[PDB]
Peer 1: 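Structure incoming, see below.
The figures here come from the full heavy-atom set of this structure, side chains too, leaving out hydrogens, waters and symmetry mates. Letters A, B, ... are given to chains in the order of the sequence lines, protein chains preceding strands, and every chain is numbered from 1.
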2 protein chains.
Amino acid sequence: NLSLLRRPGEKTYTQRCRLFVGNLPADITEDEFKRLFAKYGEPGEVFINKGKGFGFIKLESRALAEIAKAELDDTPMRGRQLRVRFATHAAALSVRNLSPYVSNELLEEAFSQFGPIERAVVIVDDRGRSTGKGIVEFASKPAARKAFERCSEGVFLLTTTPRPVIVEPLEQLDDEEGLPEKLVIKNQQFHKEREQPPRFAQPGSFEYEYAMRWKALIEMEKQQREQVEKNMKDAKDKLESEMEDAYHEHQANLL
Amino acid sequence: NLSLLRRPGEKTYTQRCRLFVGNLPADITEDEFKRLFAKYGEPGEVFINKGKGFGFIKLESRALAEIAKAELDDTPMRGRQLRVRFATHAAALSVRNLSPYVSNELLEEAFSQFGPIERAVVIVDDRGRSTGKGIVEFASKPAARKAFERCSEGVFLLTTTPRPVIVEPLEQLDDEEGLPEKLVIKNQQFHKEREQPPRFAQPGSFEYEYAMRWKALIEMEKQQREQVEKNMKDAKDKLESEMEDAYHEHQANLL
């Protein structure tokens, strides 16, 4: 049954299997909360805050969590509509400034000293090349905190070149659920913005002139942003050239 | 069986179900290529280039494609190891400069005029707020090309405010397969960089001084980048203020 829903290789009960549940009834008990999810296999770690009406539950696999979220979100429980969402990932880190010779496996080996790793991936572009950025997800939050603190306050190197890894807690974007219409607040500004439907503006119209100015601002930002990035690249290249010179004399025992 | 592997809601045979297969034998036929994937349900669209030894196949669901990729990549077929990867997404678009009142459903409705939509999502941050960016994936490449061309050369508005959508072909990053170690070229530079293992540099050492300079360059880029973004925000705010003034007189039939 439910073990067919695991992805190839997938480990069980990971941080990505954790659901948030809100708007629970006042008399909710832990066993009643578990029973809500009994259909979706054996429960993992469970927490409830009865007074504030919310809890967390880890399910076996990502697919089971998605099924549970889809079937239970916005359904009634004793007079209130439950709110079932994927929980935030507070044991995940973004890592940047990776040498292109850092792999998934090396990234995992390096950060495994701080604690058990659930996920360690080097992000690659649509040409298969390292972007210099990656993600490390720890099984526990203290381990992710230790890794962020040690790498921020000191110099953590993954390769011979002294290229320090830059670590920040992951600020994950959501491109699967997105912004559903029923989750958009239908305030006064909402109804104002929806008065006119999607449309093309004609040259010379009211809208067209302002919109072309808006395009121009965005193009100016793109140009200025690339200037910043190119200056960074040139500064990196100058530093790398200087380090290489010194490294060759260092290896000759002259430094 | 294989219909349990569909995600909740998921449509079948989408662009995200398309696999690339390389290093096929010289005598490959289309029916032999289909037979390689016979275990994974009914095949969708299939293409082969016999002379260059590669083909594409769409499978029913994303989960089936991942199973097929995991089981067939780097396996022998008549003397050569097959290369099975997820195909590139050339009918997908990135859309930016979205008003925060654009939902998944409005984005889909707007771009559905160019052709059938497989996916339309507004990307939200870890606070559930619109990032101003989204993804639109068309069932066909001509439709995605039409949408990119019309929105680039003209002014496409989704709301009353004349905020133009900025459309570019999607440059998708990969955070699932990542950069596996066996896909890293083990050239001379590779072995040089792996000589020293992951480690912390001590203050006053060779490595530490250069690495702190590297951190400083990255901090300077962060600061300069935020300056560019804040200048963009202020310019947007000034334009929005001017448009609002004019819109109120426009609605009074004075403009």
Peer 1: By side chain to side chain donor-acceptor pair (under 3.5 Å), which residues pair with A:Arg83, not counting sequence neighbours?
Peer 2: none
Peer 1: Should the pair B:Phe200 and A:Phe156 be assigned to parallel (<30°), tilted (30 to 60°) or perpendicular (>60°) ring geometry?
Peer 2: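 Ring orientation of B:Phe200 relative to A:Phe156: tilted.
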Peer 1: By a 4.5 Å heavy-atom criterion (distance strictly below it), what part of A:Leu107 contacts chain B: side chain, backbone, both, or neither?
Peer 2: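 For A:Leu107, there is no contact with chain B at all, as no heavy atom is under 4.5 Å.
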Peer 1: Does NZ or CZ of B:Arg62 fall inside the cone over B:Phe86's six-membered ring, less than 6.0 Å from its centre and within 45° of the axis?
Peer 2: yes
Peer 1: With only heavy atoms counted, which part of A:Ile166 is less than 4.5 Å from chain B, the side chain, the backbone, both or neither?
Peer 2: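 Only the side chain of A:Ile166 comes within 4.5 Å of chain B.
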Peer 1: Is it the side chain or the backbone of A:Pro100 that comes within 4.5 Å of chain B heavy atoms, both, or neither?
Peer 2: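 Contact with chain B involves the backbone of A:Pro100 alone.
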Peer 1: Does the ring centre of A:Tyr210 sit less than 6.0 Å away from the ring centre of B:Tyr247?
Peer 2: no
Peer 1: Nearest heavy-atom pair of B:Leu93 and B:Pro169: which atoms, and what distance?
Peer 2: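 What the structure gives for the nearest pair is CD2-CA, 3.9 Å.
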Peer 1: Using non-hydrogen atoms only, which part of A:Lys69 is less than 4.5 Å away from chain B: side chain, backbone, both, or neither?
Peer 2: neither
Peer 1: Among A:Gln227, A:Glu177, A:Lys133, A:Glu209, single out the residue with the greatest number of heavy-atom pairs under 4.5 Å to chain B.
Peer 2: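 Answer, by heavy-atom pair count under 4.5 Å with chain B: A:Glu177.
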Peer 1: Given a strict heavy-atom distance threshold of 4.5 Å, which part of B:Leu158 is in contact with chain A: side chain, backbone, both, or neither?
Peer 2: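 Its backbone and side chain both get close to chain A.
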Peer 1: Given 3.5 Å as the limit, does a donor-acceptor pair link the side chain of B:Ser152 with the main chain of B:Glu149, or not?
Peer 2: no
Peer 1: What part of B:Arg150 gets closer than 4.5 Å to chain A, counting heavy atoms only: side chain, backbone, both or neither?
Peer 2: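 For B:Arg150, heavy atoms of backbone and side chain both lie under 4.5 Å from chain A.
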Peer 1: Between A:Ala120 and chain B, with a heavy-atom cut-off of 4.5 Å, which part of the residue counts as in contact: side chain, backbone, both or neither?
Peer 2: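 When you check distances to chain B, no heavy atom of A:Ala120 falls under 4.5 Å.
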Peer 1: Given heavy-atom pairs under 4.5 angstrom as the criterion, report whether the side chain, backbone, both or neither of B:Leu217 touches chain A.
Peer 2: both
